[PDB]
Amino acid sequence: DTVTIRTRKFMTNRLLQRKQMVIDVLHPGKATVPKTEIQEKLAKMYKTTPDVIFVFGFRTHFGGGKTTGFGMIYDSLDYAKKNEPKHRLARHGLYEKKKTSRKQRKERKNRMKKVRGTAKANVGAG
Amino acid sequence: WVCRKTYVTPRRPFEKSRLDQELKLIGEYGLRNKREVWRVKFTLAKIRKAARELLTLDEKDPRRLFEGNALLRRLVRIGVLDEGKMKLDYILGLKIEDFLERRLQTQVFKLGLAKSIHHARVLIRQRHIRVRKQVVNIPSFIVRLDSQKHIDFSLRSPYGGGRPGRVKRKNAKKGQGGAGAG
Amino acid sequence: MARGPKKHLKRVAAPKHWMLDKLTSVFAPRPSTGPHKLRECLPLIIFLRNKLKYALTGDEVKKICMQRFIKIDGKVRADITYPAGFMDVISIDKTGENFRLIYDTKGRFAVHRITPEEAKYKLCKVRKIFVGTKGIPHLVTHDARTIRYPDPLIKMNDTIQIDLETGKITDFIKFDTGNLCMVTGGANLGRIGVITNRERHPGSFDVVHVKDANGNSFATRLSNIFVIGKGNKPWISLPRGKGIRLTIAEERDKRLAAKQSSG
RNA sequence: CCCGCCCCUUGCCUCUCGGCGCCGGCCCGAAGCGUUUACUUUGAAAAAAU
RNA sequence: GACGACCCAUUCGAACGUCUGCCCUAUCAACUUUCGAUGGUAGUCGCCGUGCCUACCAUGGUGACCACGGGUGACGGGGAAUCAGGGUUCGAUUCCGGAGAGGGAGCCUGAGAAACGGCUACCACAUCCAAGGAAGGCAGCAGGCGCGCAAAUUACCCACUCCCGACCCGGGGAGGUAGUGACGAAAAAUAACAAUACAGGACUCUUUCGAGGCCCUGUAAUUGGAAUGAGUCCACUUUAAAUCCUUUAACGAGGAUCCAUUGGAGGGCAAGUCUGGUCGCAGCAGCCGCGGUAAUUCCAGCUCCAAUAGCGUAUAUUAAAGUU
RNA sequence: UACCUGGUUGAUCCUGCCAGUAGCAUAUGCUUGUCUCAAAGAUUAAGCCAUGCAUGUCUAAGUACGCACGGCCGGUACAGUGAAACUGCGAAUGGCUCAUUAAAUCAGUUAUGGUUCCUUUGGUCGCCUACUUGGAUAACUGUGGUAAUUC
């Protein structure tokens, strides 16, 4: 609706190759706009294009009319792709990890203890 | 982790005189329950307990000065005490009614639109008022002294600017779709 | 459980002056073994994500240390729980910055940025003199460095300036009255004042009076005293407040006097 | 109710080694302690949470 | 650069030792000694100090200021509940220290273990078997049986917090997340406002009579306009993924439903000599007492009072107790 | 909130207990619309246990003739990735319970000049073979045994 993104705690984080600030948002219509919409606007406030913007947080204050999150802006793609928590890259896809998970792993391990010299056999058994 | 019990119960369970005071006090401010009264009276007796310490110990000991100053500052900040008083003796002149005056529902009634105290509590809960910019649902706020002139209706709500309610907006459509031709 | 040494450290028995919370989980970092005493350390990760907020998770700090931007005393360290303590210099060369670990007047390790010029040395207390084999003497310091062939006139409770690169001390002070001191242990911490007097007993500790230039006298055990420079002449850049230490009444008064809590 | 005075006043000396003095000579701080305790008053010293 | 190794220092500790501090019992007053009790001399052993152990020698040690013996529904402490002052009671349980993995004993490896998700044996249990043999220890997380007055899901996941490894990369029922949850704690919904209708009293006018008129009240009849979340529910958001919450469409209130109960009404002690039934029967009653034909106490109805999303009942314990 | 009230008598004043009163924590009854915080097989049987799971681990840098994959061109020590296996490190941390345990444990205070210490950090690191010495084990290959096992 009415979208106001206002700049607060600007820091140039040279070690991780990013710029981290707070994402302070005002909007008296329906508070809370999609995170996709936010990173478009922030892309065209430092002119860095939306493949290195990352945002998260965004809890909306009581009574609405404000929401506050936390956003990073990376210098390049590869610096984001390296550093970035795994789930945050997979949040808007360019990464994934297949997870079976966590009963298929354990049940394979305990079957593997019984054999020796062949690791592929128990996996082949389905 | 950490919790505490705010209210306390009366020592005697029945006593006509006590009960009448609790009743007439609730009538005046439009409170819901007696647990909402004893809560207040705990706060008063708590402040009176802290105070009774500081009066015994000579002046110009660091404990008495620093504590007293910051205690009295807080009593002045809510405005249940004058700065024409501001001595530790005047802490003891405090009483129940001055607290209850600073409550939000009392100040809604006193400095804003209501028709009775009973009206004003409902307005706070149905979210038609704010305190500076911020909606509240708490008629038990206690209202700092400076902020007793920033009580306003909500910036979106049928009272002041904002969309019409669903009793109004129903009946508006009742002239065209409720009795307009069907 | 006591069939060997423990490896976990909780949060709720953690040394309190790292200013930890308690709504994050049960464990706290634990200093790993090193040159400074466990209580007197500030683990690395607490400087880098619970102070200056470069990182936000512990995994992020590991990702900084791996690329080796961190140094301590001019050498490269790469643990997340390296146990740095009093009088060391951290050096990030990818920002051009240098820090120093020194005590605030409220007794906690502050951020005291400094010139690169100052960041080429540190102040080290002498604790033991020990003749090794073949008539060679030694020093032993609180940062646990063994510097061979010291000139003989340096005694314990003295302090020595050490060149991080080469050892081989540049100067020293000889402990006495009318020398400027900092407190490093005890219930007094970070206070600065001249020595004024000493007192000796035969065994069972001894104490050392101190007096500052604001007219207050206080005392501390011998082994909590550290020399910083000649009388009223620090050889280090000191953090604000200058070790004087106010009471709480006066400290309150300053904040409401300037009427300032933001800027 | 901190120096001293009547006889006492933080009881003494003895001195000697490393500072302060004044003009070789002389003066006064630190060194042994006031028969012993309790008591009282001040410091040091003390994990966090509560 | 990586790795390894010797010694010293350091760090993390570990182990012995000092002084002081402990619940009940005298229907427990003497105890301890070559099956070392206390001390001396030398040695053995052990990481080291030491009757720790051995030889020889001495004859001591402790106690009415409570030893020794017995008891404990006794793990210790940081603490918790109540309380004017002084106290009393509790502490299995998140921090710190200790002890133990069915009961006992022995032992390997290692820097570190008298280890039990290591080993060996006995004793107590219990399983498979082709009866020749083999294998086992949930006071780890779930779950089951049993015991009882009495206690949850065979769920999701290494994202957080940290730990472990040769290691940025792997792993972790530690730990984080959800479910069950009226132990307990915080917040506070169950109707607010006008019209008519009667009703009151200040007020005014009037000689009283009477009228006007104002302030409020309930109370009936309908209503009238207004308001909102409870719910239903697209969407954003939340997060490892999701739920919840906050944020937002559209639907969502006329008192009959989008229904507040738990106890009591003789005295203690706030509240009825109302009506019907029962008639020392049945029952009530912490206590004092009610019931034998007019029941203020029983069984019901009506009405009223207290507390209010809570209230009653049993038991431990403190205050009340200047009745320790 | 430094507090009392009913009951021995025909009546009164005492002594004294009983009952009433309030909090706390366990059980239990009846009732329950929304929100945040969260204790939970201790009390009795430190009784007994099906099933599943709760400790593993590799960098350019200890050891790659997996006949695995790959190559492009191979081998001069000789690639790149890499299951397996030897080797190194850990399993002595955590978690759980409260049975034993009355100067014991434990708490405050002190001592190792009476001692040990993986590891980290800092020093210590020159009285017919050396162009590099010796010979076996696993994975692997192939052949088996038991009713049955991580033999």
# chains A, B, ... in the order shown; residues from 1 in each chain; ligands from 1
>>> select_by_dssp(residues="chain B", states="alpha helix (DSSP H)", output="JSON, numbers by chain")
{"B": [16, 17, 18, 19, 20, 21, 22, 23, 24, 25, 26, 27, 28, 29, 35, 36, 37, 38, 39, 40, 41, 42, 43, 44, 45, 46, 47, 48, 49, 50, 51, 52, 53, 54, 62, 63, 64, 65, 66, 67, 68, 69, 70, 71, 72, 73, 74, 75, 76, 77, 78, 96, 97, 98, 99, 100, 101, 104, 105, 106, 107, 108, 109, 110, 111, 117, 118, 119, 120, 121, 122, 123, 124, 125, 168, 169, 170, 171, 172]}
>>> closest_atom_pairs(of="chain A", to="chain C", cutoff="8 Å", atoms="only C-alpha atoms", output="CSV")
residue,atom,partner,partner_atom,distance
A:13,CA,C:54,CA,6.4
A:14,CA,C:95,CA,7.2
A:15,CA,C:64,CA,6.8
A:16,CA,C:64,CA,7.3
A:83,CA,C:60,CA,7.7
>>> residues_around(residues="residue 26 (chain F)", least_positions_apart="2", cutoff="12 Å", atoms="only C-alpha atoms (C1' of nucleotides)", output="PDB file with C-alpha atoms (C1' of nucleotides), in the first residue's frame")
ATOM      1  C1'   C E 149      -3.764 -41.009  46.804  1.00  0.00           C
ATOM      2  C1'   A E 150      -0.142 -39.394  42.904  1.00  0.00           C
ATOM      3  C1'   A E 151       2.682 -37.707  37.482  1.00  0.00           C
ATOM      4  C1'   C E 183       0.861 -27.310  39.610  1.00  0.00           C
ATOM      5  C1'   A E 314      -8.502 -34.002  52.594  1.00  0.00           C
ATOM      6  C1'   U E 315      -3.357 -33.802  54.612  1.00  0.00           C
ATOM      7  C1'   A E 316       1.542 -31.901  55.654  1.00  0.00           C
TER       8        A E 316
ATOM      9  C1'   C F  24       1.879 -22.088  51.552  1.00  0.00           C
ATOM     10  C1'   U F  28      -9.120 -34.641  44.450  1.00  0.00           C
ATOM     11  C1'   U F  43       7.450 -39.329  47.796  1.00  0.00           C
TER      12        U F  43
END
>>> residues_around(residues="residue 87 (chain A)", least_positions_apart="3", cutoff="10 Å", atoms="only C-alpha atoms (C1' of nucleotides)", output="PyMOL selection string")
(chain A and resi 84+90-93+95-97) or (chain E and resi 159+240-241)
>>> interface_residues(of="chain B", to="chain C", cutoff="9 Å", atoms="only C-alpha atoms", output="mmCIF file with N, CA and C atoms, in the first residue's frame")
data_model
loop_
_atom_site.group_PDB
_atom_site.id
_atom_site.type_symbol
_atom_site.label_atom_id
_atom_site.label_comp_id
_atom_site.auth_asym_id
_atom_site.auth_seq_id
_atom_site.Cartn_x
_atom_site.Cartn_y
_atom_site.Cartn_z
ATOM 1 N N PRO B 62 25.008 7.655 52.398
ATOM 2 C CA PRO B 62 24.783 7.518 50.970
ATOM 3 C C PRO B 62 23.556 6.733 50.608
ATOM 4 N N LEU B 65 20.308 9.112 50.835
ATOM 5 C CA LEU B 65 20.219 10.158 49.851
ATOM 6 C C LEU B 65 19.820 9.639 48.503
ATOM 7 N N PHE B 66 20.598 8.673 47.962
ATOM 8 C CA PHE B 66 20.481 8.224 46.596
ATOM 9 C C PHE B 66 19.170 7.539 46.330
#
>>> residues_around(residues="residue 244 (chain C)", least_positions_apart="4", cutoff="8 Å", atoms="only C-alpha atoms (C1' of nucleotides)", output="MDAnalysis selection string")
chainID C and resid 105 191:193 212 214
>>> closest_atom_pairs(of="chain F", to="chain B", cutoff="12 Å", atoms="only C-alpha atoms (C1' of nucleotides)", output="CSV")
residue,atom,partner,partner_atom,distance
F:1,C1',B:11,CA,8.0
F:3,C1',B:11,CA,9.4
F:4,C1',B:12,CA,9.7
F:5,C1',B:12,CA,11.0
F:20,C1',B:13,CA,11.7
F:21,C1',B:12,CA,6.9
F:22,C1',B:11,CA,5.8
F:23,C1',B:9,CA,9.2
F:35,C1',B:137,CA,11.7
F:37,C1',B:1,CA,8.6
F:38,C1',B:1,CA,8.2
F:39,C1',B:1,CA,10.3
>>> interface_residues(of="chain E", to="chain C", cutoff="6 Å", atoms="only C-alpha atoms (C1' of nucleotides)", output="NGL selection string")
:E and (10-11 or 112 or 161-162)
>>> interface_residues(of="chain F", to="chain C", cutoff="10 Å", atoms="only C-alpha atoms (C1' of nucleotides)", output="PDB file with N, CA and C atoms (P, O5', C5', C4', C3', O3' and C1' of nucleotides), in the first residue's frame")
ATOM      1  P     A F  92      33.395 -42.751  28.671  1.00  0.00           P
ATOM      2  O5'   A F  92      34.509 -42.132  29.590  1.00  0.00           O
ATOM      3  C5'   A F  92      34.611 -40.715  29.749  1.00  0.00           C
ATOM      4  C4'   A F  92      35.022 -40.385  31.176  1.00  0.00           C
ATOM      5  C3'   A F  92      35.522 -38.942  31.274  1.00  0.00           C
ATOM      6  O3'   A F  92      35.287 -38.347  32.548  1.00  0.00           O
ATOM      7  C1'   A F  92      37.271 -40.407  31.763  1.00  0.00           C
ATOM      8  P     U F  93      33.905 -37.823  33.071  1.00  0.00           P
ATOM      9  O5'   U F  93      33.486 -36.724  32.032  1.00  0.00           O
ATOM     10  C5'   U F  93      34.086 -35.428  32.085  1.00  0.00           C
ATOM     11  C4'   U F  93      33.623 -34.588  30.894  1.00  0.00           C
ATOM     12  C3'   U F  93      32.161 -34.128  30.871  1.00  0.00           C
ATOM     13  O3'   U F  93      31.941 -33.029  31.759  1.00  0.00           O
ATOM     14  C1'   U F  93      32.721 -34.909  28.752  1.00  0.00           C
ATOM     15  P     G F  94      30.846 -33.172  32.896  1.00  0.00           P
ATOM     16  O5'   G F  94      29.509 -33.473  32.099  1.00  0.00           O
ATOM     17  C5'   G F  94      28.811 -32.359  31.512  1.00  0.00           C
ATOM     18  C4'   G F  94      27.958 -32.769  30.296  1.00  0.00           C
ATOM     19  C3'   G F  94      26.514 -33.228  30.526  1.00  0.00           C
ATOM     20  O3'   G F  94      25.648 -32.116  30.782  1.00  0.00           O
ATOM     21  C1'   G F  94      27.505 -34.677  29.002  1.00  0.00           C
ATOM     22  P     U F 110      42.634 -17.016  53.171  1.00  0.00           P
ATOM     23  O5'   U F 110      43.702 -17.785  54.056  1.00  0.00           O
ATOM     24  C5'   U F 110      44.815 -18.428  53.413  1.00  0.00           C
ATOM     25  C4'   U F 110      45.306 -19.613  54.251  1.00  0.00           C
ATOM     26  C3'   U F 110      46.322 -20.492  53.534  1.00  0.00           C
ATOM     27  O3'   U F 110      47.631 -19.931  53.669  1.00  0.00           O
ATOM     28  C1'   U F 110      44.598 -21.835  54.380  1.00  0.00           C
ATOM     29  P     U F 119      50.420 -33.729  25.033  1.00  0.00           P
ATOM     30  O5'   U F 119      49.359 -32.551  24.964  1.00  0.00           O
ATOM     31  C5'   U F 119      48.216 -32.651  24.107  1.00  0.00           C
ATOM     32  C4'   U F 119      47.247 -31.480  24.338  1.00  0.00           C
ATOM     33  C3'   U F 119      47.774 -30.056  24.160  1.00  0.00           C
ATOM     34  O3'   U F 119      47.791 -29.721  22.775  1.00  0.00           O
ATOM     35  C1'   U F 119      46.571 -30.137  26.168  1.00  0.00           C
ATOM     36  P     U F 120      48.931 -28.817  22.164  1.00  0.00           P
ATOM     37  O5'   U F 120      48.550 -27.371  22.676  1.00  0.00           O
ATOM     38  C5'   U F 120      47.350 -26.750  22.193  1.00  0.00           C
ATOM     39  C4'   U F 120      47.102 -25.435  22.941  1.00  0.00           C
ATOM     40  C3'   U F 120      48.248 -24.424  22.866  1.00  0.00           C
ATOM     41  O3'   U F 120      48.143 -23.690  21.642  1.00  0.00           O
ATOM     42  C1'   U F 120      47.563 -24.647  25.107  1.00  0.00           C
ATOM     43  P     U F 121      49.437 -23.175  20.898  1.00  0.00           P
ATOM     44  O5'   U F 121      50.068 -22.103  21.862  1.00  0.00           O
ATOM     45  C5'   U F 121      49.413 -20.861  22.110  1.00  0.00           C
ATOM     46  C4'   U F 121      50.161 -20.115  23.212  1.00  0.00           C
ATOM     47  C3'   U F 121      51.689 -20.033  23.098  1.00  0.00           C
ATOM     48  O3'   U F 121      52.075 -18.981  22.208  1.00  0.00           O
ATOM     49  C1'   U F 121      51.139 -20.728  25.253  1.00  0.00           C
ATOM     50  P     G F 122      53.379 -19.153  21.321  1.00  0.00           P
ATOM     51  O5'   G F 122      54.556 -18.999  22.359  1.00  0.00           O
ATOM     52  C5'   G F 122      54.711 -17.750  23.038  1.00  0.00           C
ATOM     53  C4'   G F 122      55.795 -17.890  24.097  1.00  0.00           C
ATOM     54  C3'   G F 122      57.125 -18.480  23.661  1.00  0.00           C
ATOM     55  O3'   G F 122      57.866 -17.485  22.952  1.00  0.00           O
ATOM     56  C1'   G F 122      56.504 -19.371  25.755  1.00  0.00           C
ATOM     57  P     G F 123      59.113 -17.934  22.092  1.00  0.00           P
ATOM     58  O5'   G F 123      60.227 -18.082  23.207  1.00  0.00           O
ATOM     59  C5'   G F 123      61.220 -19.095  23.032  1.00  0.00           C
ATOM     60  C4'   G F 123      61.926 -19.363  24.353  1.00  0.00           C
ATOM     61  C3'   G F 123      62.937 -20.485  24.176  1.00  0.00           C
ATOM     62  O3'   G F 123      64.173 -19.920  23.720  1.00  0.00           O
ATOM     63  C1'   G F 123      61.524 -21.031  25.949  1.00  0.00           C
TER      64        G F 123
END
>>> closest_atom_pairs(of="chain C", to="chain D", cutoff="9 Å", atoms="only C-alpha atoms (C1' of nucleotides)", output="Markdown table")
| residue | atom | partner | partner_atom | distance |
| --- | --- | --- | --- | --- |
| C:11 | CA | D:48 | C1' | 8.9 |
| C:12 | CA | D:48 | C1' | 5.7 |
| C:13 | CA | D:48 | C1' | 4.9 |
| C:14 | CA | D:48 | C1' | 7.1 |
| C:15 | CA | D:48 | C1' | 7.7 |
| C:16 | CA | D:48 | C1' | 7.3 |
| C:186 | CA | D:45 | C1' | 8.3 |
| C:187 | CA | D:45 | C1' | 8.3 |
| C:207 | CA | D:44 | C1' | 7.5 |
| C:218 | CA | D:43 | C1' | 8.1 |
| C:219 | CA | D:44 | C1' | 7.2 |
| C:220 | CA | D:44 | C1' | 6.4 |
| C:221 | CA | D:44 | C1' | 7.1 |
>>> write_last_selection(atoms="C-alpha atoms", output="PDB file, in the first residue's frame")
ATOM      1  CA  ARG C  11      26.154 -19.728  31.385  1.00  0.00           C
ATOM      2  CA  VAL C  12      24.953 -19.298  34.911  1.00  0.00           C
ATOM      3  CA  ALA C  13      28.334 -20.025  36.484  1.00  0.00           C
ATOM      4  CA  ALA C  14      30.178 -18.150  33.708  1.00  0.00           C
ATOM      5  CA  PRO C  15      32.528 -15.337  34.945  1.00  0.00           C
ATOM      6  CA  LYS C  16      30.351 -12.270  35.246  1.00  0.00           C
ATOM      7  CA  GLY C 186      40.904  -7.942  43.679  1.00  0.00           C
ATOM      8  CA  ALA C 187      37.629  -6.220  44.493  1.00  0.00           C
ATOM      9  CA  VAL C 207      49.019  -5.468  51.211  1.00  0.00           C
ATOM     10  CA  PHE C 218      42.451   2.307  49.197  1.00  0.00           C
ATOM     11  CA  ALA C 219      44.513  -0.834  49.425  1.00  0.00           C
ATOM     12  CA  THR C 220      44.743  -4.149  47.663  1.00  0.00           C
ATOM     13  CA  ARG C 221      46.888  -7.289  47.907  1.00  0.00           C
TER      14      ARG C 221
END
>>> interface_residues(of="chain B", to="chain E", cutoff="7 Å", atoms="only C-alpha atoms (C1' of nucleotides)", output="list in words")
residues 3, 4, 5, 14, 15, 16, 119, 122 and 126 of chain B
>>> interface_residues(of="chain B", to="chain A", cutoff="8 Å", atoms="only C-alpha atoms", output="PyMOL selection string")
chain B and resi 134-136
